[PDB]
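Note sheet for the following structure.
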There are 2 protein chains.
Amino acid sequence: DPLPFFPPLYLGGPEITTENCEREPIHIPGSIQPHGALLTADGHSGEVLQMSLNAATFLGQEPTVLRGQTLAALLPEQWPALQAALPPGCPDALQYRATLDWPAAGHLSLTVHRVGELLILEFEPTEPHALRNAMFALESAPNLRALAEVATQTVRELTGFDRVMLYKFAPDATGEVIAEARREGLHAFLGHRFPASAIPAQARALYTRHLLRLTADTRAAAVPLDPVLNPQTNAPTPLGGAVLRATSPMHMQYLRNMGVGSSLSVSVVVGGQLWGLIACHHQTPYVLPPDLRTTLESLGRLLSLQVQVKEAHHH
Amino acid sequence: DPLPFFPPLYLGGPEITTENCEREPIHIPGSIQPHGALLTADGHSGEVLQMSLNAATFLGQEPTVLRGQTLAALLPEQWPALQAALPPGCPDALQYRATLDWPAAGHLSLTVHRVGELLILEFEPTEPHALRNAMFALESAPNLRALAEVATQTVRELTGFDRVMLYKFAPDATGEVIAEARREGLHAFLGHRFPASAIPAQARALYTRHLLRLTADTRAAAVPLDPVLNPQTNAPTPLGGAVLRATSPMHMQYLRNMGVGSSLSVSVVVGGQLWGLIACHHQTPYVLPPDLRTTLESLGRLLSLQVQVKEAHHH
Ligand SMILES: *C/C=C1/C(=C/c2[nH]c(/C=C3[NH+]=C(/C=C4\NC(=O)C(C=C)=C4C)C(C)=C\3CCC(=O)O)c(CCC(=O)O)c2C)NC(=O)[C@H]1C
Ligand SMILES: *C/C=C1/C(=C/c2[nH]c(/C=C3[NH+]=C(/C=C4\NC(=O)C(C=C)=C4C)C(C)=C\3CCC(=O)O)c(CCC(=O)O)c2C)NC(=O)[C@H]1C
């Protein structure tokens with residue numbers, strides 16, 4: 001049970017320190033990472049309610065001009081499908097995904113989820129068999145630690161990340177790196193233990209519900225949403241289900257201090273509890289493409305189940 | 001433990017009947033389904049050793065002219081990768097996959113696996129997020145039967161198959177349909193039980209090792225390989241790892257008698273034992289594309305693990 005949140009800084013909340021980091025409202029930063037754009041919309045009317053300030057970079061119309069327009073006008077082809085895919089009351093982790101044309105190279109990937117009566121739309125530029133292959137070595141791994149070793153190697157191979165760790169939580173929420181795949185020459189974190197405060201309780205709770213999060217560029221400034229509050233509620237917009245959610249500034253400083261240029265992790269959830277993380281670092285900024293992120297989510301699921309099976313036959 | 005095999009018909013084996021069907025050598029039919037082409041090659045030299053007789057339809061050179069040519073000549077780009085992907089001693093279920101250009105519409109999908117010192121190459125014309133989405137309802141299913149119901153619905157949605165069943169094996173190898181998703185108007189098989197002989201012991205044993213098999217057109221005549229025997233061994237070529245493997249004629253007659261035009265199943269393997277099948281029927285011929293088959297293999301894996309978890313919490 002994490003403490004009550006601070007108000008976010010845009011509601012006059014206090015500054016975060018190492019003495020109160022467990023109270024930062026990381027699920028409502030009111031801003032996104034700059035490598036994509038985000039809109040929110042009324043889940044019945046499809047009226048656009050909020051827009052990231054960088055929307056015209058990705059969507060080609062000004063945020064103030066998009067505001068109030070319907071997704072039926074904006075996304076004629078996708079709106080019926082979107083609407084049917086994400087009915088009121090559906091899980092906030094359920095996603096609608098489509099690919100959109102745009103004047104630039106590649107395409108625009110659209111990812112949508114629903115929170116209450118709000119649709120949250122994420123747009124990012126983009127220019128499974130290996131998963132399938134991997135499941136053999138994951139299945140044949142003789143025990144938990146062997147599974148962990150295979151899993152980190154597989155993820156490195158899929159992603160090209162400089163470092164991939166499987167971080168395991170202890171009952172006191174301290175953690176240990178129990179497996180690591182890394183580029184030659186990088187110093188090892190294998191076996192290193194870290195205190196519970198490295199991943200504070202409100203983060204652990206969010207990561208139990210929304211199983212993948214990332215920081216594409218640990219030096220990139222966040223982009224505010226406008227208006228910052230959801231008009232439906234006159235309250236902050238929950239962004240925990242959006243990969244574009246801005247990362248805690250305190251965690252980004254931690255990553256920079258570590259010499260990390262990009263970070264990504266996937267939760268390993270067993271019996272509804274956070275068991276650990278597949279934790280990835282790159283030395284430079286890196287936008288993992290949406291199809292590869294989807295594959296990592298799927299491996300996270302598969303790994304969660306295999307952990308539960310490998311641990312059981314120790315009983 | 002299945003009985004010893006009959007020799008295949010091309011080695012003077014006896015005709016199959018309902019009294020001896022458990023002895024049909026289904027893994028070595030010496031022939032393929034006609035919607036693709038197959039080559040085999042020496043795993044060191046890449047010399048082509050065998051060719052399906054229909055190769056020129058898909059590859060544009062005569063089988064007798066391909067024979068003896070190296071994959072380095074035939075597939076310059078892919079051969080180093082192929083070779084590195086499938087080293088001697090690797091699992092015979094491990095696959096290399098690539099997409100090839102050809103003069104026709106779409107592309108040519110290449111799938112390769114290794115059996116001993118033989119590479120087996122399958123070529124078929126072709127013109128994951130839904131998987132990811134599905135895992136939520138699979139995870140939230142409260143028990144085994146609910147999981148089964150979600151799984152058959154998901155597979156129907158992914159594939160558009162007229163009927164999708166989860167067939168569960170009993171300890172005496174009889175089976176029961178414990179879940180079914182079907183097009184409106186189709187009579188139900190839900191709850192129906194079938195004798196052990198419907199899926200004979202040598203089939204059950206193959207399906208424990210090679211987890212997906214299909215009959216794209218239950219009226220299509222098989223296409224012989226040439227030469228029919230692998231020159232390395234002067235013995236039949238094992239095709240259980242090739243989806244293009246010709247289906248037992250006895251099973252194809254069964255499917256036609258059932259009014260099935262296309263069939264596909266995926267094994268559910270738990271603790272190394274065959275627990276059951278995701279069994280799919282279409283009323284007409286249907287070539288499920290290779291990327292969708294790959295997705296079904298991945299769901300089969302995930303379902304196997306979830307079955308094991310849902311059944312355990314009954315203990
Ligand atoms: C008092 C505040 C601090 C704090 C806040 C914080 N930390 C996170 C999220 C993560 N911290 C992680 C820690 C590690 N990464 C590593 O590589 C290692 C060791 C090799 C450790 C211990 C990780 C993995 C995460 C998850 C995010 C990610 O994968 O990059 C948050 C939440 C961030 C967010 O989602 O917005 C916060 C608020 N961390 C501290 O150490 C103290 C100073
Ligand atoms: C004595 C020989 C017979 C026999 C041989 C046989 N059967 C199979 C494979 C399968 N049989 C299946 C049975 C069913 N499909 C259904 O829909 C239902 C009920 C609704 C049943 C009972 C299934 C599912 C398979 C797997 C293949 C597939 O999914 O289509 C084989 C092996 C075929 C092969 O891989 O080459 C053989 C030799 N089956 C009999 O009933 C007796 C007459």
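By convention in this document, the chains of the structure tokens carry letters A, B, ... by their order, each chain's residues are numbered from 1, and ligands are numbered from 1 in the order they are shown.
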**OP:** Could you please write out, as a PyMOL selection string, every residue of range 150-293 of chain B that DSSP assigns to helix (DSSP H, G or I)?
**Re:** chain B and resi 150-159+196-198+201-209+249-257+290-293
**OP:** Report as a PyMOL selection string which protein, DNA and RNA residues come within 7 Å of ligand 1, using only C-alpha atoms and all ligand atoms.
**Re:** chain A and resi 17-22+24+26+189+194+197-200+203+213-215+246-248+250-251+254+263-265+279-281
Okay, now the selection with N, CA, C and O atoms, as a compact mmCIF listing (two decimals), in the first residue's frame?
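The result, stored in out_11.txt:
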# COMPACT_ATOMS: atom_id res chain seq x y z
N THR A 17 12.27 14.69 -3.46
CA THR A 17 13.61 14.44 -2.91
C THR A 17 13.73 12.95 -2.60
O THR A 17 12.78 12.17 -2.75
N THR A 18 14.91 12.54 -2.16
CA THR A 18 15.11 11.14 -1.81
C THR A 18 14.37 10.79 -0.51
O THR A 18 14.26 9.63 -0.15
N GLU A 19 13.83 11.79 0.18
CA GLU A 19 13.05 11.56 1.40
C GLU A 19 11.54 11.39 1.15
O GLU A 19 10.81 11.00 2.05
N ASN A 20 11.07 11.66 -0.07
CA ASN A 20 9.62 11.61 -0.31
C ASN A 20 9.26 11.12 -1.69
O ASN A 20 8.17 11.38 -2.19
N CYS A 21 10.20 10.47 -2.32
CA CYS A 21 10.03 10.08 -3.70
C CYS A 21 8.83 9.13 -3.90
O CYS A 21 8.26 9.07 -4.99
N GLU A 22 8.43 8.45 -2.82
CA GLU A 22 7.36 7.46 -2.88
C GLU A 22 6.00 8.14 -3.04
O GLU A 22 4.99 7.47 -3.24
N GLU A 24 5.64 10.86 -5.32
CA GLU A 24 5.51 11.53 -6.61
C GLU A 24 4.37 10.87 -7.45
O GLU A 24 4.29 9.64 -7.59
N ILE A 26 3.44 9.82 -10.37
CA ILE A 26 4.09 9.59 -11.63
C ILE A 26 3.07 9.22 -12.73
O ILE A 26 3.42 9.21 -13.90
N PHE A 189 26.46 -5.96 -13.90
CA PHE A 189 25.58 -5.73 -12.73
C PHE A 189 25.10 -7.06 -12.16
O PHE A 189 24.42 -7.09 -11.15
N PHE A 194 19.98 -4.11 -4.77
CA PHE A 194 19.65 -2.69 -4.65
C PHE A 194 18.56 -2.47 -3.63
O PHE A 194 17.73 -3.35 -3.39
N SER A 197 14.00 1.38 -2.16
CA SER A 197 13.70 2.73 -2.64
C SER A 197 14.08 3.01 -4.12
O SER A 197 13.66 4.01 -4.67
N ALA A 198 14.85 2.11 -4.77
CA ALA A 198 15.25 2.28 -6.18
C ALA A 198 14.03 2.28 -7.06
O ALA A 198 14.01 2.89 -8.14
N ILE A 199 13.04 1.48 -6.65
CA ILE A 199 11.78 1.41 -7.41
C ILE A 199 10.69 1.55 -6.34
O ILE A 199 10.33 0.57 -5.70
N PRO A 200 10.20 2.79 -6.12
CA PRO A 200 9.37 3.07 -4.94
C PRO A 200 7.99 2.46 -5.05
O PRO A 200 7.56 2.07 -6.13
N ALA A 203 5.50 3.24 -7.78
CA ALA A 203 5.94 2.74 -9.07
C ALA A 203 5.65 1.23 -9.13
O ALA A 203 5.08 0.73 -10.12
N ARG A 213 7.02 0.14 -19.57
CA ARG A 213 7.25 1.61 -19.56
C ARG A 213 8.68 1.88 -19.98
O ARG A 213 9.55 0.95 -19.97
N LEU A 214 8.95 3.12 -20.44
CA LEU A 214 10.24 3.33 -21.08
C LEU A 214 10.56 4.79 -21.00
O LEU A 214 9.64 5.63 -20.87
N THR A 215 11.85 5.10 -21.15
CA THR A 215 12.33 6.47 -21.36
C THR A 215 13.20 6.42 -22.61
O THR A 215 14.33 5.89 -22.57
N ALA A 246 5.33 10.93 -19.67
CA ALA A 246 6.63 11.41 -19.23
C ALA A 246 7.11 10.62 -18.03
O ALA A 246 6.35 10.34 -17.09
N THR A 247 8.41 10.33 -18.03
CA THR A 247 9.06 9.62 -16.93
C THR A 247 9.32 10.53 -15.75
O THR A 247 9.58 11.73 -15.93
N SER A 248 9.16 9.99 -14.52
CA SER A 248 9.64 10.78 -13.35
C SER A 248 11.01 11.45 -13.59
O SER A 248 11.98 10.76 -13.91
N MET A 250 13.05 12.48 -11.43
CA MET A 250 13.99 11.89 -10.48
C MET A 250 14.60 10.61 -11.01
O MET A 250 15.80 10.38 -10.89
N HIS A 251 13.78 9.78 -11.63
CA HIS A 251 14.29 8.57 -12.26
C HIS A 251 15.15 8.93 -13.51
O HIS A 251 16.17 8.32 -13.73
N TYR A 254 18.53 9.71 -12.24
CA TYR A 254 19.14 8.45 -11.87
C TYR A 254 19.73 7.78 -13.11
O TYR A 254 20.92 7.38 -13.14
N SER A 263 15.96 3.76 -21.55
CA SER A 263 15.66 2.68 -20.61
C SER A 263 14.33 2.06 -20.98
O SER A 263 13.45 2.75 -21.51
N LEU A 264 14.13 0.78 -20.68
CA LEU A 264 12.81 0.17 -20.91
C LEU A 264 12.69 -0.96 -19.93
O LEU A 264 13.68 -1.69 -19.74
N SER A 265 11.54 -1.11 -19.28
CA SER A 265 11.33 -2.38 -18.59
C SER A 265 9.96 -2.96 -18.75
O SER A 265 9.00 -2.29 -19.16
N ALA A 279 14.76 -5.51 -17.26
CA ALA A 279 15.16 -4.08 -17.17
C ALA A 279 16.26 -3.89 -18.23
O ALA A 279 17.25 -4.60 -18.16
N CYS A 280 16.06 -2.94 -19.16
CA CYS A 280 16.95 -2.74 -20.31
C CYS A 280 17.51 -1.32 -20.29
O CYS A 280 16.78 -0.38 -20.01
N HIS A 281 18.80 -1.22 -20.63
CA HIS A 281 19.52 0.05 -20.79
C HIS A 281 20.17 0.12 -22.16
O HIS A 281 20.71 -0.89 -22.64
Skipping near chain neighbours, those fewer than 4 positions away, what residues fall within 8 Å of range 123-133 of chain B using only C-alpha atoms, listed as a PDB file with N, CA, C and O atoms, in the first residue's frame?
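Saved result, out-v8.pdb, follows:
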ATOM      1  N   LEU A  94      -6.205  -2.806 -22.347  1.00  0.00           N
ATOM      2  CA  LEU A  94      -6.579  -3.269 -23.692  1.00  0.00           C
ATOM      3  C   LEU A  94      -6.278  -2.184 -24.687  1.00  0.00           C
ATOM      4  O   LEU A  94      -6.482  -0.992 -24.420  1.00  0.00           O
ATOM      5  N   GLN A  95      -5.777  -2.563 -25.844  1.00  0.00           N
ATOM      6  CA  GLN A  95      -5.333  -1.550 -26.801  1.00  0.00           C
ATOM      7  C   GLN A  95      -5.958  -1.748 -28.178  1.00  0.00           C
ATOM      8  O   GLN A  95      -6.175  -2.884 -28.609  1.00  0.00           O
ATOM      9  N   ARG A  97      -4.823  -0.760 -32.043  1.00  0.00           N
ATOM     10  CA  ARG A  97      -3.620  -0.355 -32.737  1.00  0.00           C
ATOM     11  C   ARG A  97      -3.908  -0.294 -34.229  1.00  0.00           C
ATOM     12  O   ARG A  97      -4.619  -1.134 -34.743  1.00  0.00           O
ATOM     13  N   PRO A 128       8.153 -11.487 -33.786  1.00  0.00           N
ATOM     14  CA  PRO A 128       7.162 -12.544 -33.559  1.00  0.00           C
ATOM     15  C   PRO A 128       7.671 -13.946 -33.919  1.00  0.00           C
ATOM     16  O   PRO A 128       7.399 -14.890 -33.169  1.00  0.00           O
ATOM     17  N   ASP A 291       6.069  -2.406 -32.868  1.00  0.00           N
ATOM     18  CA  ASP A 291       5.962  -3.878 -32.986  1.00  0.00           C
ATOM     19  C   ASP A 291       6.941  -4.680 -32.126  1.00  0.00           C
ATOM     20  O   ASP A 291       6.630  -5.760 -31.624  1.00  0.00           O
ATOM     21  N   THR A 294       5.630  -4.599 -28.596  1.00  0.00           N
ATOM     22  CA  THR A 294       4.517  -5.547 -28.447  1.00  0.00           C
ATOM     23  C   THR A 294       5.066  -6.956 -28.223  1.00  0.00           C
ATOM     24  O   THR A 294       4.573  -7.741 -27.418  1.00  0.00           O
ATOM     25  N   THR A 295       6.140  -7.262 -28.926  1.00  0.00           N
ATOM     26  CA  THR A 295       6.765  -8.566 -28.794  1.00  0.00           C
ATOM     27  C   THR A 295       7.326  -8.709 -27.375  1.00  0.00           C
ATOM     28  O   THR A 295       7.253  -9.788 -26.739  1.00  0.00           O
ATOM     29  N   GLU A 297       6.234  -7.256 -24.688  1.00  0.00           N
ATOM     30  CA  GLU A 297       5.072  -7.473 -23.776  1.00  0.00           C
ATOM     31  C   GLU A 297       4.650  -8.940 -23.773  1.00  0.00           C
ATOM     32  O   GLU A 297       4.363  -9.518 -22.718  1.00  0.00           O
ATOM     33  N   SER A 298       4.601  -9.534 -24.955  1.00  0.00           N
ATOM     34  CA  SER A 298       4.254 -10.922 -25.093  1.00  0.00           C
ATOM     35  C   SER A 298       5.301 -11.815 -24.406  1.00  0.00           C
ATOM     36  O   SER A 298       4.960 -12.760 -23.710  1.00  0.00           O
TER      37      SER A 298
ATOM     38  N   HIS B  35       0.138 -26.477 -52.110  1.00  0.00           N
ATOM     39  CA  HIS B  35       0.124 -25.007 -52.054  1.00  0.00           C
ATOM     40  C   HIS B  35       1.506 -24.389 -51.752  1.00  0.00           C
ATOM     41  O   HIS B  35       1.595 -23.151 -51.573  1.00  0.00           O
ATOM     42  N   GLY B  36       2.545 -25.220 -51.699  1.00  0.00           N
ATOM     43  CA  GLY B  36       3.928 -24.762 -51.571  1.00  0.00           C
ATOM     44  C   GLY B  36       4.872 -25.753 -52.231  1.00  0.00           C
ATOM     45  O   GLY B  36       4.443 -26.753 -52.795  1.00  0.00           O
ATOM     46  N   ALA B  37       6.177 -25.473 -52.125  1.00  0.00           N
ATOM     47  CA  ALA B  37       7.218 -26.348 -52.678  1.00  0.00           C
ATOM     48  C   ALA B  37       8.257 -26.627 -51.559  1.00  0.00           C
ATOM     49  O   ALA B  37       8.380 -25.851 -50.602  1.00  0.00           O
ATOM     50  N   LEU B  38       8.952 -27.753 -51.650  1.00  0.00           N
ATOM     51  CA  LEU B  38       9.895 -28.105 -50.626  1.00  0.00           C
ATOM     52  C   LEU B  38      11.196 -28.557 -51.287  1.00  0.00           C
ATOM     53  O   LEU B  38      11.167 -29.221 -52.319  1.00  0.00           O
ATOM     54  N   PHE B  58       6.876 -22.747 -58.272  1.00  0.00           N
ATOM     55  CA  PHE B  58       7.135 -21.793 -57.187  1.00  0.00           C
ATOM     56  C   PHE B  58       8.530 -21.207 -57.291  1.00  0.00           C
ATOM     57  O   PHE B  58       8.758 -20.096 -56.850  1.00  0.00           O
ATOM     58  N   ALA B 105       2.304 -12.110 -57.461  1.00  0.00           N
ATOM     59  CA  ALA B 105       1.827 -11.152 -56.462  1.00  0.00           C
ATOM     60  C   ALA B 105       2.171 -11.654 -55.066  1.00  0.00           C
ATOM     61  O   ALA B 105       2.278 -12.855 -54.843  1.00  0.00           O
ATOM     62  N   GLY B 106       2.349 -10.727 -54.136  1.00  0.00           N
ATOM     63  CA  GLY B 106       2.800 -11.074 -52.808  1.00  0.00           C
ATOM     64  C   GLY B 106       4.271 -11.432 -52.856  1.00  0.00           C
ATOM     65  O   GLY B 106       5.009 -10.911 -53.693  1.00  0.00           O
ATOM     66  N   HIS B 107       4.682 -12.329 -51.961  1.00  0.00           N
ATOM     67  CA  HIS B 107       6.069 -12.751 -51.826  1.00  0.00           C
ATOM     68  C   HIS B 107       6.116 -14.247 -51.661  1.00  0.00           C
ATOM     69  O   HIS B 107       5.093 -14.912 -51.625  1.00  0.00           O
ATOM     70  N   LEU B 108       7.315 -14.782 -51.510  1.00  0.00           N
ATOM     71  CA  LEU B 108       7.467 -16.170 -51.189  1.00  0.00           C
ATOM     72  C   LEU B 108       8.031 -16.263 -49.774  1.00  0.00           C
ATOM     73  O   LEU B 108       9.109 -15.711 -49.457  1.00  0.00           O
ATOM     74  N   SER B 109       7.288 -16.908 -48.886  1.00  0.00           N
ATOM     75  CA  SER B 109       7.767 -17.162 -47.527  1.00  0.00           C
ATOM     76  C   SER B 109       8.631 -18.412 -47.450  1.00  0.00           C
ATOM     77  O   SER B 109       8.234 -19.496 -47.891  1.00  0.00           O
ATOM     78  N   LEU B 110       9.823 -18.273 -46.884  1.00  0.00           N
ATOM     79  CA  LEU B 110      10.735 -19.400 -46.738  1.00  0.00           C
ATOM     80  C   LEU B 110      10.800 -19.777 -45.264  1.00  0.00           C
ATOM     81  O   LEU B 110      10.989 -18.918 -44.405  1.00  0.00           O
ATOM     82  N   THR B 111      10.621 -21.064 -44.986  1.00  0.00           N
ATOM     83  CA  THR B 111      10.790 -21.602 -43.642  1.00  0.00           C
ATOM     84  C   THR B 111      11.736 -22.797 -43.690  1.00  0.00           C
ATOM     85  O   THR B 111      11.577 -23.695 -44.547  1.00  0.00           O
ATOM     86  N   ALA B 137      -7.547 -11.477 -21.258  1.00  0.00           N
ATOM     87  CA  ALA B 137      -8.714 -12.326 -20.993  1.00  0.00           C
ATOM     88  C   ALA B 137      -8.253 -13.737 -20.696  1.00  0.00           C
ATOM     89  O   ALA B 137      -8.926 -14.440 -19.914  1.00  0.00           O
ATOM     90  N   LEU B 158      -8.839 -14.613 -34.429  1.00  0.00           N
ATOM     91  CA  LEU B 158      -7.556 -14.420 -35.138  1.00  0.00           C
ATOM     92  C   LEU B 158      -7.585 -14.991 -36.545  1.00  0.00           C
ATOM     93  O   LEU B 158      -6.884 -14.499 -37.430  1.00  0.00           O
ATOM     94  N   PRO B 289      -2.032 -17.903 -43.562  1.00  0.00           N
ATOM     95  CA  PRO B 289      -0.700 -17.367 -43.886  1.00  0.00           C
ATOM     96  C   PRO B 289       0.314 -17.631 -42.772  1.00  0.00           C
ATOM     97  O   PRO B 289      -0.065 -17.838 -41.601  1.00  0.00           O
ATOM     98  N   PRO B 290       1.597 -17.701 -43.143  1.00  0.00           N
ATOM     99  CA  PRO B 290       2.655 -18.129 -42.230  1.00  0.00           C
ATOM    100  C   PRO B 290       2.713 -17.233 -41.015  1.00  0.00           C
ATOM    101  O   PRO B 290       2.869 -17.756 -39.923  1.00  0.00           O
ATOM    102  N   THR B 295       1.650 -17.010 -35.062  1.00  0.00           N
ATOM    103  CA  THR B 295       0.923 -16.450 -33.937  1.00  0.00           C
ATOM    104  C   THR B 295       0.188 -17.580 -33.207  1.00  0.00           C
ATOM    105  O   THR B 295       0.107 -17.618 -31.956  1.00  0.00           O
ATOM    106  N   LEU B 299       0.391 -18.719 -29.345  1.00  0.00           N
ATOM    107  CA  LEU B 299      -0.748 -18.861 -28.433  1.00  0.00           C
ATOM    108  C   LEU B 299      -0.802 -20.274 -27.847  1.00  0.00           C
ATOM    109  O   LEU B 299      -1.170 -20.451 -26.678  1.00  0.00           O
TER     110      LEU B 299
END
Original post:
Counting only C-alpha atoms, what is within 7 Å of residue 238 in chain B, bar same-chain residues fewer than 2 positions away, as a PyMOL selection string?
Top reply: chain B and resi 27-28+236+240
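Comparing A:69, A:308, A:208, A:45 by their smallest distance to chain B, the closest is A:308 (using only C-alpha atoms).
With only C-alpha atoms and all ligand atoms as the atoms that count, the residue of B:252, B:118, B:235, B:221 with the shortest distance to ligand 2 is B:252.
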Subject >> Those of range 152-270 of chain B in DSSP strand (DSSP E or B), formatted as a ChimeraX atom specification >> reply: /B:163-169,175-182,193-194,212-215,223-226,229-230,235-236,245,262-270
Original post:
Within 12 Å of residue 65 in chain B, counting only C-alpha atoms, which residues qualify if same-chain residues fewer than 6 places away don't, as a ChimeraX atom specification?
Top reply: /B:48-51,53,55-56,59,74,226
**OP:** Excluding residue 112 in chain A and any residue of its chain fewer than 3 positions from it, enumerate the residues within 6 Å of it, using only C-alpha atoms, and give them as a list in words.
**Re:** residues 95, 96, 120 and 121 of chain A
Contacts of residue 114 in chain A at 9 Å (only C-alpha atoms; same-chain gap of 5+ positions) as a compact mmCIF listing (two decimals) with C-alpha atoms, in the first residue's frame:
# COMPACT_ATOMS: atom_id res chain seq x y z
CA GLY A 43 -15.25 7.88 -25.37
CA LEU A 86 -12.68 -0.28 -26.63
CA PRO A 87 -16.19 -0.34 -25.18
CA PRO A 88 -16.99 1.39 -21.88
CA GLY A 89 -15.79 -0.72 -18.94
CA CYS A 90 -13.05 -2.56 -20.85
CA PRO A 91 -9.62 -3.15 -19.24
CA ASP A 92 -7.49 0.00 -19.32
CA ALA A 93 -4.61 -2.15 -20.59
CA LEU A 94 -6.58 -3.27 -23.69
CA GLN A 95 -5.33 -1.55 -26.80
CA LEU A 119 -9.88 7.51 -24.95
CA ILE A 120 -6.15 8.14 -24.89
CA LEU A 121 -4.52 8.14 -28.33
CA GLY A 241 -1.42 3.14 -19.76
